Amino acid sequence: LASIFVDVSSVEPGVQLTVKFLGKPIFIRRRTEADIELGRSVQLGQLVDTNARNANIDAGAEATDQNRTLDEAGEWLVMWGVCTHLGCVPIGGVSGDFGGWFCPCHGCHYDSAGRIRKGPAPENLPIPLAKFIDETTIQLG
Ligand code: FES
């Protein structure tokens, strides 16, 4: 009975909703068209971490943009808001050098798919068990 159910019906493009789950923040960002295009423009060979870090799919999956979102359209990016270096909360709203998140504790920069691009963090922000259960609700867990 750990699962929770998040109403995302009012989340507009370019907005991140932050919810607490298992004691930690989950970021739910409805990505803009720029975020999506930029995420899909990155080659796997450019990435620090090529693993999708995604609980919903094979653990060996590649960190393509398509393997980082809940939907095929790429609008819904759901991830743990927990820096993979030492666990600080990354700052969003298109922050840092790669149009995503910036962790100010030791300067890690994540891209528009939450992938690590610069700084001490070793891994992409992990993606929780998450799925839409209708048009307006994401089940986490
Ligand atoms: S905790 Fe994020 S850069 Fe160190």
# chains A, B, ... in the order shown; residues from 1 in each chain; ligands from 1
>>> residues_around(residues="residue A:12", least_positions_apart="5", cutoff="10 Å", atoms="only C-alpha atoms", output="ChimeraX atom specification")
/A:17,29-32
>>> residues_near_ligand(ligand="ligand 1", cutoff="7 Å", atoms="only C-alpha atoms and all ligand atoms", output="ChimeraX atom specification")
/A:83-88,90,103-108,119-121
>>> residues_around(residues="stretch 34-43 of chain A", least_positions_apart="3", cutoff="8 Å", atoms="only C-alpha atoms", output="mmCIF file with N, CA and C atoms, in the first residue's frame")
data_model
loop_
_atom_site.group_PDB
_atom_site.id
_atom_site.type_symbol
_atom_site.label_atom_id
_atom_site.label_comp_id
_atom_site.auth_asym_id
_atom_site.auth_seq_id
_atom_site.Cartn_x
_atom_site.Cartn_y
_atom_site.Cartn_z
ATOM 1 N N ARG A 31 7.331 18.861 -19.672
ATOM 2 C CA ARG A 31 8.409 19.485 -20.433
ATOM 3 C C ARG A 31 7.894 20.372 -21.559
ATOM 4 N N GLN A 46 27.769 11.317 -25.891
ATOM 5 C CA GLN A 46 28.028 12.574 -25.204
ATOM 6 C C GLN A 46 27.768 12.479 -23.704
ATOM 7 N N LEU A 47 27.067 11.433 -23.274
ATOM 8 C CA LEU A 47 26.612 11.342 -21.886
ATOM 9 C C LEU A 47 27.645 10.795 -20.906
ATOM 10 N N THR A 64 18.534 7.111 -23.581
ATOM 11 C CA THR A 64 17.921 7.935 -24.624
ATOM 12 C C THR A 64 16.812 8.768 -23.983
ATOM 13 N N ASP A 65 16.467 9.895 -24.612
ATOM 14 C CA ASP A 65 15.374 10.725 -24.107
ATOM 15 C C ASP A 65 14.084 9.914 -23.942
ATOM 16 N N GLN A 66 13.806 9.044 -24.908
ATOM 17 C CA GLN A 66 12.605 8.212 -24.906
ATOM 18 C C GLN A 66 12.544 7.240 -23.713
ATOM 19 N N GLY A 74 7.014 12.343 -24.827
ATOM 20 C CA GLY A 74 8.121 12.960 -24.103
ATOM 21 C C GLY A 74 7.740 14.137 -23.221
ATOM 22 N N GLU A 75 6.447 14.353 -22.979
ATOM 23 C CA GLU A 75 6.051 15.501 -22.149
ATOM 24 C C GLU A 75 6.239 15.298 -20.658
ATOM 25 N N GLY A 99 20.425 23.221 -19.531
ATOM 26 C CA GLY A 99 18.985 23.450 -19.666
ATOM 27 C C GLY A 99 18.098 22.530 -18.856
ATOM 28 N N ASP A 111 20.776 17.638 -17.499
ATOM 29 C CA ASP A 111 20.145 18.156 -18.707
ATOM 30 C C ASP A 111 18.614 18.063 -18.652
ATOM 31 N N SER A 112 17.957 18.344 -19.775
ATOM 32 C CA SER A 112 16.493 18.417 -19.813
ATOM 33 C C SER A 112 15.769 17.073 -19.697
ATOM 34 N N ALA A 113 16.546 15.986 -19.697
ATOM 35 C CA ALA A 113 16.047 14.646 -19.378
ATOM 36 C C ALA A 113 16.569 14.161 -18.012
#
>>> atom_distance(atom1="atom CA of residue A:132", atom2="atom CA of residue A:98")
27.8 Å
>>> residues_around(residues="residue A:16", least_positions_apart="6", cutoff="12 Å", atoms="only C-alpha atoms", output="PyMOL selection string")
chain A and resi 8+10+25-32+75-79+81+91-94+100-101
>>> select_by_dssp(residues="chain A", states="strand (DSSP E or B)", output="ChimeraX atom specification")
/A:4-7,15-21,24-30,51,54,62,76-80,91-95,100-103,108-110,116-118,127,130-132,137-140
>>> residues_around(residues="residue A:7", least_positions_apart="3", cutoff="8 Å", atoms="only C-alpha atoms", output="PDB file with N, CA and C atoms, in the first residue's frame")
ATOM      1  N   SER A  10      -3.620  19.893 -13.742  1.00  0.00           N
ATOM      2  CA  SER A  10      -3.418  21.339 -13.821  1.00  0.00           C
ATOM      3  C   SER A  10      -1.977  21.747 -14.122  1.00  0.00           C
ATOM      4  N   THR A 136      -5.284  11.897 -16.132  1.00  0.00           N
ATOM      5  CA  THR A 136      -4.956  12.978 -15.210  1.00  0.00           C
ATOM      6  C   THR A 136      -4.143  12.577 -13.990  1.00  0.00           C
ATOM      7  N   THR A 137      -3.865  11.283 -13.831  1.00  0.00           N
ATOM      8  CA  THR A 137      -3.275  10.771 -12.596  1.00  0.00           C
ATOM      9  C   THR A 137      -2.078   9.860 -12.817  1.00  0.00           C
ATOM     10  N   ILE A 138      -0.981  10.177 -12.135  1.00  0.00           N
ATOM     11  CA  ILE A 138       0.206   9.331 -12.125  1.00  0.00           C
ATOM     12  C   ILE A 138       0.254   8.576 -10.803  1.00  0.00           C
TER      13      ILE A 138
END
>>> decode(residues="stretch 116-129 of chain A", atoms="N, CA and C atoms", output="tab-separated table (two decimals), in the first residue's frame")
chain	number	residue	atom	x	y	z
A	116	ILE	N	23.02	13.39	-16.03
A	116	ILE	CA	24.20	14.10	-15.51
A	116	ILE	C	25.17	14.47	-16.65
A	117	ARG	N	25.58	15.72	-16.68
A	117	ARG	CA	26.44	16.20	-17.77
A	117	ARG	C	27.76	16.82	-17.31
A	118	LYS	N	27.81	17.27	-16.06
A	118	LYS	CA	28.97	18.01	-15.55
A	118	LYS	C	28.93	17.97	-14.03
A	119	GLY	N	30.10	17.89	-13.40
A	119	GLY	CA	30.17	17.90	-11.94
A	119	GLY	C	30.42	16.53	-11.34
A	120	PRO	N	30.47	16.45	-10.00
A	120	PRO	CA	30.83	15.21	-9.31
A	120	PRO	C	29.82	14.07	-9.30
A	121	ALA	N	28.55	14.35	-9.59
A	121	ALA	CA	27.53	13.29	-9.55
A	121	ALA	C	27.84	12.20	-10.58
A	122	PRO	N	27.79	10.92	-10.18
A	122	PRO	CA	28.08	9.84	-11.13
A	122	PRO	C	26.95	9.36	-12.04
A	123	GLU	N	25.70	9.64	-11.66
A	123	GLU	CA	24.56	9.01	-12.34
A	123	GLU	C	23.46	9.99	-12.71
A	124	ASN	N	22.70	9.62	-13.73
A	124	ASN	CA	21.46	10.32	-14.06
A	124	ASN	C	20.47	10.23	-12.89
A	125	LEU	N	19.61	11.23	-12.73
A	125	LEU	CA	18.61	11.19	-11.65
A	125	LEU	C	17.71	9.98	-11.88
A	126	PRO	N	17.51	9.15	-10.85
A	126	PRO	CA	16.77	7.91	-11.08
A	126	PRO	C	15.28	8.15	-11.24
A	127	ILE	N	14.63	7.27	-12.01
A	127	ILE	CA	13.20	7.37	-12.27
A	127	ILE	C	12.45	6.33	-11.46
A	128	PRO	N	11.45	6.76	-10.67
A	128	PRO	CA	10.69	5.84	-9.84
A	128	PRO	C	9.71	5.01	-10.63
A	129	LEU	N	9.21	3.94	-10.00
A	129	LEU	CA	8.04	3.24	-10.51
A	129	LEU	C	6.93	4.27	-10.65
